[PDB]
Structure formats: structure tokens, C-alpha cells
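What follows is the residue order along each chain.
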Amino acid sequence: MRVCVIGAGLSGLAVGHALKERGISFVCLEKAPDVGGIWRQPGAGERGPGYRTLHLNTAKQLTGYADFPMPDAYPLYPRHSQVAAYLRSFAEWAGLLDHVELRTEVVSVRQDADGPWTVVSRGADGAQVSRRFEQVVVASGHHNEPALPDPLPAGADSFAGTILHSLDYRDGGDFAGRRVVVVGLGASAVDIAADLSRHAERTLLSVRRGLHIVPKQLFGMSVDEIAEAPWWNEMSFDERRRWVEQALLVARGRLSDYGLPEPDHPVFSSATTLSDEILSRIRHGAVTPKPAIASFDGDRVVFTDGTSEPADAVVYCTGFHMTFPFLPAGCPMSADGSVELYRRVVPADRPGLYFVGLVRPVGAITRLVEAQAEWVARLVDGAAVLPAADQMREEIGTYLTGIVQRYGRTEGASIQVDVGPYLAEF
Ligand SMILES: Cc1cc2nc3c(=O)[nH]c(=O)nc-3n(C[C@H](O)[C@H](O)[C@H](O)COP(=O)(O)OP(=O)(O)OC[C@H]3O[C@@H](n4cnc5c(N)ncnc54)[C@H](O)[C@@H]3O)c2cc1C
Ligand SMILES: NC(=O)c1ccc[n+]([C@@H]2O[C@H](COP(=O)([O-])OP(=O)(O)OC[C@H]3O[C@@H](n4cnc5c(N)ncnc54)[C@H](OP(=O)(O)O)[C@@H]3O)[C@@H](O)[C@H]2O)c1
Ligand SMILES: CC(C)=CCc1ccc2c(C/C=N\O)c[nH]c2c1
């Protein structure tokens, strides 16, 4: 009755546990057969971002719910299987399952001209239903639509192999004995190559830009756990750069010495891809660096260096677009694409709407989703209020005029935040 929480991922669950702790009527509507978000799919063979080799890249003490510690015996980087099971367990322990409608897909969402919202949802039967809720929390994720290169390399309609995205990648095993080109230098690409390196007769990694490649642990301590060190803080933004710069040459040297394109801008001023394996897998010829693809010569792929290779398949780890198909109207976004959400959560013009999770921290988000849930719960019952809409558009336009100034015009930069200062305001 009171709140429709869209989705039962890490974010809905956190949200459904903040509303219950305050006594608010609410339901969570998930489209999948269980809760867990993306973490549940690798494991039921379902098409999602993850893959049979997906483990955390952040620490457990910092990625689990602060009030629901992850099992003792779990490692620093548990696997998709262990996380999905911790999440199911959290919903069990926080009483949220009585509230979750599974296999119920939200087809649509909309404001009526009095403030409650009609929410249409699709039952497994495909049979549709419309209901009405006073408030709606969107917790749908921003990794739902794959981002294929728009000009797809010519000749791809006449390739004799399988062109695919990391959403459809599942097991390194399905590619046994075959020849594949992973496209990307992100955490999905470095991971799929490393898998394909132990299953496919050959694995090539097509890169086009070059990203600082960091190992998961420096000095024994994970990159998230150092960003929380008091010693790492209390260090200026150049004391750190050089620290790391000095730090990564001693740990992996230079990347031009691995056949990888050097990045144009230094660490922190260019994305980092975390990986403890992709440099070794190269130094062992399990994966071979390539430039970008230029065409598909039936049975083979051509690169911008002139090189050719027989290639049964090509898995494009090119990333994801954020869509909200159930918001028949502007997604939080307006104009250049800038997402317009106050404190990264509140639509300025739409009362009754909240967005939990749209943020990309440098690190694990769990603590960021938890804050948003608590504040959203206080906004929903009236224990918290927002500024007027004109003043909310000042915080947004400040965050944006600033985002184009430390990150510069680029993509998805407008959901990007600093963990510490942002979670201080909660
Ligand atoms: C491949 C990958 C690996 C990652 N690894 C890490 C990591 O190691 N550490 C880390 O800190 N972060 C990681 N992240 C970041 C990631 O965003 C979070 O781990 C986490 O998934 C956020 O959960 P969420 O609930 O916001 O979104 P999701 O996990 O995407 O779940 C959102 C849920 O909304 C549901 N939903 C969406 N639309 C509808 C609809 N119309 N009707 C009903 N239900 C709907 C979906 O079923 C989904 O289960 C990773 C992200 C990806 C893509
Ligand atoms: N736990 C883990 O280890 C793990 C695993 C997977 C994913 N993740 C997370 O999930 C999210 C998904 O990111 P992702 O790894 O899928 O990738 P991403 O960060 O979205 O970047 C995609 C990669 O593809 C490249 N690319 C983009 N467009 C391209 C094009 N047209 N042609 C060729 N290459 C292109 C990008 O290089 P350019 O951008 O320079 O073009 C980049 O290297 C991230 O937030 C990531 O941290 C984490
Ligand atoms: C100690 C160091 C080098 C910290 C740097 C650092 C930079 C970027 C990322 C990302 C990418 C963010 N969103 O995709 C995830 N973890 C990161 C860590």
C-alpha cells in the first residue's frame, strides 16, 4: 500500500529494510525468480552482466550490509554464488520476503494528477495488473541494457561466428577449443579473457584506449581498504598519484611492456581496471593484446594494425546503458543526458519518486545505498523534508557544473560521486 519498491537487488532490499524498520507499508516487485539482483543470474544460467567467474572486486567488510555481516568463512572476494546466497539470507533475516512479489515485472509507472502512482506489473503468466501506490522507490539498476559499439565493424552481418556481449557470456566452458576476441579493457573484459584463457584454444583482447590496470591488492591491502586508510587520506591528490604511480611500477611495471596501450591521463584521471590476472595471462601467451577491430573477413577478424585471425566468436564487453523502460517519460535524465536527481536520489519535479542506486562510487556502494534508504524512508513518512524544487535544481546544477569540471564532459559521469563526503551528508 504505502510504497512500491521496484526491484529486490542489493538496493531494494536495503530499501525494504529501511521502510520496515520504520513501519512503512511497502511491497518489492522483482521480475526474477528470487532476490539478489545481478548476483543471482550467474548461477541459474541467466543472461546478465556477470558470469560463472564473477567474484567481488571489493572487500567483504565493506560490501556486506553493516548490520548483516557476511559469513566468517567467506573470503575477501566471495563469488557470485556466495553473494547471491548472503542476499537471500539477508531478506530472510530482515523479514522482507513477505513483501516481495517475485517474477513480477514492472511494465509501467505513472503519476496521476493527485500524487499516488499507478504501477502496472507483469505476473509470470504475462497477465498484466495495475495498482496504485502513494510512493514509489526505483531500485532497478543501471546495468540492464548492453552497450554495443554503434558503428558495428563492417562485415559483421557476414561473419561466420558468434558476436556477443558480456550479458550473454556465461561460461568459459562453452568456448572450449575455439578462437575468441574479447572487446574491452574494463573489469568485464579482463575477467572474460582470463576465463577464455583456460578454455578457448586462443583468446585475443581487442583494446582501443588503454586503462591503468591495477592489481586488487597493494601492500596486501585492497584498493577499497586503502581508500579508507587514515594514512591514504590526509594525503593530497598528488601525494596519492605518485604513491600509486610509484606503487604500480613496482608491482607490474609499465603497461607498454605488456603490449597494452598506455593511458593518456594518469591514474585517477583515467578509469582503472582492477585485475590480479590479465598481465600474467599475457606474459604466458594465454591472451594476446590487439588493437581495435576494423572488419570481419568471414571466418576471421581484422584489426587496425592490419593483423588477421580466425575467430569463432567475439564477446563485446563494451558496457551497459542505463534504461528505465517502466518510466514512460524522461528517466531521471534531462537534456545532455545529465541525470537530474537531488543528492543523486530525488527528482525535482516529481513528488513521490526516489531513485536508489543510480550512484557510482569509487568502491563498493553498499554503504551508499544504505544511507539513501534511511533518508528516503524519512522523506516517505514525513520525518524528513526536501527544499523547494527551485532550490533542489541548484544542488543539481552545482553537481553537474562541477561534474563537467573534474571529470569533464563524458558519459555516466553524472551519477558519479565521492564516497566519504557524500556519506557524511547522511
Ligand atoms: C558485472 C558487475 C559486477 C559488479 N561487481 C561489483 C563488485 O564486485 N562490487 C561492488 O561493490 N559492486 C559491484 N558491481 C556494482 C553493482 O551495481 C552492485 O554490486 C549491485 O548490483 C547494485 O545492486 P542494485 O540492486 O542497485 O542493482 P541490480 O543488482 O541490477 O538489481 C536490480 C534489480 O532490479 C530488478 N528489476 C529491474 N527492472 C525491473 C522491473 N521492471 N520489474 C521488476 N524488477 C526489476 C532486477 O531484476 C534486478 O534484480 C558490479 C556490477 C556489475 C554489472
Ligand atoms: N567484480 C568485478 O570484477 C566486476 C566485473 C565486471 C564488471 N564490474 C563492474 O560492472 C560495471 C560494468 O563495466 P564493464 O567492465 O562492463 O565495462 P565499462 O567500465 O563500461 O567499460 C567497457 C569497456 O569497453 C570499452 N569500450 C566501450 N565502448 C567501446 C567501443 N565502441 N569499442 C570498443 N571498446 C569499447 C571501454 O573502453 P573505452 O571506454 O575507453 O572505450 C572499456 O574498456 C563497472 O562498473 C565495473 O566496475 C565489476
Ligand atoms: C588505490 C587505488 C588505485 C584506487 C583507484 C581506483 C580507481 C577507480 C576504480 C574503480 C572504477 C570506478 N567505477 O567504475 C573501481 N575501483 C577503483 C579504484
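What counts and how
- Residues numbered from 1 in each chain as written, not as in the entry; some residues may be left out.
- Chains lettered and ligands numbered in written order.
- Heavy atoms only, no water.
- UniProt positions renumbered as here; feature names shortened; annotations may be inferred.
- Helix = DSSP H or I, 4+ residues; strand = E, 2+ residues; numbered from the N terminus.
- Buried < 20%, exposed > 50% of the residue type's maximum accessible area, 1.4 Å probe, protein only.
- Pairing = 2+ DSSP bridges.
- Axes fitted to C-alpha atoms, helices over the stretch in contact; angles between N-to-C directions.
- Contact = heavy atoms within 4.5 Å.
- Domains from an automatic or database assignment.
- Buried area = accessible area lost by both parts, 1.4 Å probe.
- Salt bridge = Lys/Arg side-chain N within 4 Å of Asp/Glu carboxyl O.
- Polar contact = N/O pair within 3.5 Å; in protein donor to acceptor, adjacent residues only side chain to side chain.
- Nonpolar A, V, L, I, M, F, W, Y, C, P; charged D, E, K, R; others polar.

- In the PDB header, X-ray crystallography is given as the technique by which the entry was determined, and 2.552 Å as its resolution.

## Concerning the UniProt feature "binding site: NADP(+) 3" (unreviewed entry) in the protein chain
In step 1: The feature "binding site: NADP(+) 3" (unreviewed entry), as given by UniProt, occupies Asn57, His143, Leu185, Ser188, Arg208 and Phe320 in the numbering adopted here. Spanning 264 residues, the named residues are also spread out in space, since their farthest C-alpha pair is 23.5 Å apart.
In step 2: Considering the arrangement of structural elements, one finds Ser188 in helix α4 (residues 187–196).
In step 3: Along the chain, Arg208 falls in the loop between β11 (202–206) and β12 (212–214).
In step 4: The class for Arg208 is exposed, based on a relative accessible area of 77%.

## Considerations on the sheet that holds strand β20 (residues 313–316)
In step 1: One open sheet holds the 5 strands; their spatial order is β9-β20-β10-β11-β16, and the pairing between them is parallel. For this open sheet the edge positions go to β9 (162–165) and β16 (288–290), each flanked by a neighbour on one side alone. Pairs of neighbouring strands in the sheet enclose a mean axial angle of 25 degrees, with direction left out of account.
In step 2: Inspection of the sheet shows β9 paired to β20 by 4 bridges, in the parallel sense. Among the inter-strand pairings, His165 is bridged to a residue of β20, identified as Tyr316.
In step 3: Sheet strands touched by α4: β10 (179–183), β11 and β20. Its angle to β10, the strand with the most contacts, is close to 165 degrees.

## Details of the domain arrangement of the protein chain
In step 1: Assigned domains of the protein chain: these are domain 1 (3–144 + 322–422) and domain 2 (156–318).
In step 2: Computed from C-alpha coordinates alone, the two centres of domain 1 and domain 2 are separated by 29 Å.
In step 3: The partner domain 2 presents 18 residues to the 16 residues of domain 1 that form the contact.
In step 4: Both faces combined, the contact of domain 1 with domain 2 buries some 1,500 Å², and carbon together with sulfur accounts for 53% of it.
In step 5: Viewed at the interface, domain 2 and domain 1 are joined by 0 salt bridges.
In step 6: The interface formed by domain 1 and domain 2 holds 8 residue pairs in polar contact in total.
In step 7: Looking at the side of domain 1 that touches domain 2, its residues break down into 8 nonpolar, 6 polar and 2 charged.

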